[PDB]
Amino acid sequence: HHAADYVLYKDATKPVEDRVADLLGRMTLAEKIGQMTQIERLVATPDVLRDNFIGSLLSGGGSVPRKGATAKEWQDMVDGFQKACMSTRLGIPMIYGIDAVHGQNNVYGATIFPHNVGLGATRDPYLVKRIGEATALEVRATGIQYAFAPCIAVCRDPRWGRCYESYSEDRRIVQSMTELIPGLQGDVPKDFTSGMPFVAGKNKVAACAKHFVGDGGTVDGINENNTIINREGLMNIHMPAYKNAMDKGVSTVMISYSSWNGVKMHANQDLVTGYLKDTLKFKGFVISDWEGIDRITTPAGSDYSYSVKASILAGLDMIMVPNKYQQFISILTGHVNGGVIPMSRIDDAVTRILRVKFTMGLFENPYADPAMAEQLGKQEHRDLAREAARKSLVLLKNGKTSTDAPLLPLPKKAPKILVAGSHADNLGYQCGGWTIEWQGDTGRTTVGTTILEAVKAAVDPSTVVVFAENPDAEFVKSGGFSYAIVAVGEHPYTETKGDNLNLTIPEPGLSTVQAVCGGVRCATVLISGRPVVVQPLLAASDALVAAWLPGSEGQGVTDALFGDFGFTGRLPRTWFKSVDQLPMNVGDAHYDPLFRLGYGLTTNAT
């Protein structure tokens, strides 16, 4: 279709499938295996990318070009890598992935939205869609084209360190929140075939339904462990939201470290190929988790040859290596040369990777848009995160007795008030894990507003605000306070560090709540990724709010505490009486909750 040097795959007017086939037919085995290889930016260089024909890069949690980097620094980094990939013989652009799981959360100055458990509490799929839309803009602000979200785990045991990444223990709520996907990627057209990948263009990102499948079903909530459940239960609880994801054109699916009835998901051909590809008709690409193939074996990494064989034969398309790419490529090349993995399997993998790249426009826009840098941390998106944080709050108690005056809403005008607790003025704590660092961090780690700052921004000018992190009982009684707001809870964690058999908050939290509430009427704000042992906090407090991990916009919290809006959030999970009850789910025989799924008190805006 015209000039003498015409190449069909480079022609933006051609159908995606024609472009995929034209490119695939030209590729060497080295070029094919390169597309299947995703590496960390920490090990990437221009020569490595060109020489190994690398298909993808990622930043893991905390993998950043430098601390405090601007949106422009991220774009320049990603473009540097892209320039090397575009300089290969065939000029196939790489796709760069990152965990933008509550906003573009590795990036300094990005808006940080509430984590998924709090979004489940909103029962507002359209809010979640809008969060996906804003997240895509802030990811593209940094030049990145692919987010490893949503996590559609159905957490069935809150002792799991990733329970906060699950919208709900109720699969119906998780299915509803798959609206994140068309927010991140754009709405699919009228015609759309379920299972096809979709991204609208350069202002949207490829998404990733993860982690397939039953990651939220593991024994005792042990992260990466075994999910012991029959097929009916797997299909009724853990699978349904994957189908909604196919219907919404999710571009990629990431496999789980977990096992199902003792079979590693990363080696499960029946589920990855038999079910996801052949039954759900998924036509995007399947990516491993990080060293996911290594962890098929015990010990992990003890037979990397088998890891490669088992995962590629199971049907995985792209491997998040992410560091030992020379070994990965060498082993896989050996398997193909030896006939152990057929060329048909390689060609399927590359067909799916190329299909996503062409569909999303990556060959037409391989480089970042400098005009998008200013989308990072935009006030409109902070206003959305503030709405979301407010809607996520669940009011658990509002007066010690049913005849006391309701404590909330609090008045904005009072002579003197106390703000207290380890979580009242700690932006890192209020964001939780997957914020700036992999495991999150403590203190002022990014741009945002802590609960204390939000209180100071809300109250009348005549209201004197005193902050004390851990006041003793006498300080409070002698202080002439009208009321206190005390915020306590979990410290940030991610993945196995978050697995927790006791679910009791760190001290001094309960002691601070008891000291404060013993001296003046108090509203306790509990920051956590999950239900935690709460009876002692409830007993001490006039009012108690479960605020989950509300993100950078602490004014979401004070918007409800001071009655600008009423409380509307409802528990998206069961609140247990004791960890000895666990697992305990709405439907079980011994179902004896402290607060059932769907519980939440309300207030009216003042």
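Throughout, we count residues from 1 along the sequence that is shown.
Of the two segments examined, 341-349 and 524-532, it is 341-349 that shows the higher average Cα temperature factor in the deposited entry. Comparing 112-120 with 195-203, the higher mean C-alpha B-factor in the PDB entry belongs to 195-203. Highest CA B-factor among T252, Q104, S402, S392, as stated in the entry: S402. Of the candidates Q75, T446, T450, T297, it is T297 whose Cα B-factor is highest according to the PDB record. In the deposited entry, the Cα temperature factor of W290 sits in the bottom third of values across the chain's modelled residues.
Among the modelled residues of the chain, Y146 sits in the lowest third by CA temperature factor in this PDB entry. When the modelled residues of the chain are ordered by their C-alpha B factor, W575 lands in the middle third. Per the PDB record, residue ranking by Cα B-factor puts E553 in the lowest third of the chain. When the modelled residues of the chain are ordered by C-alpha B-factor, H266 sits in the middle third.
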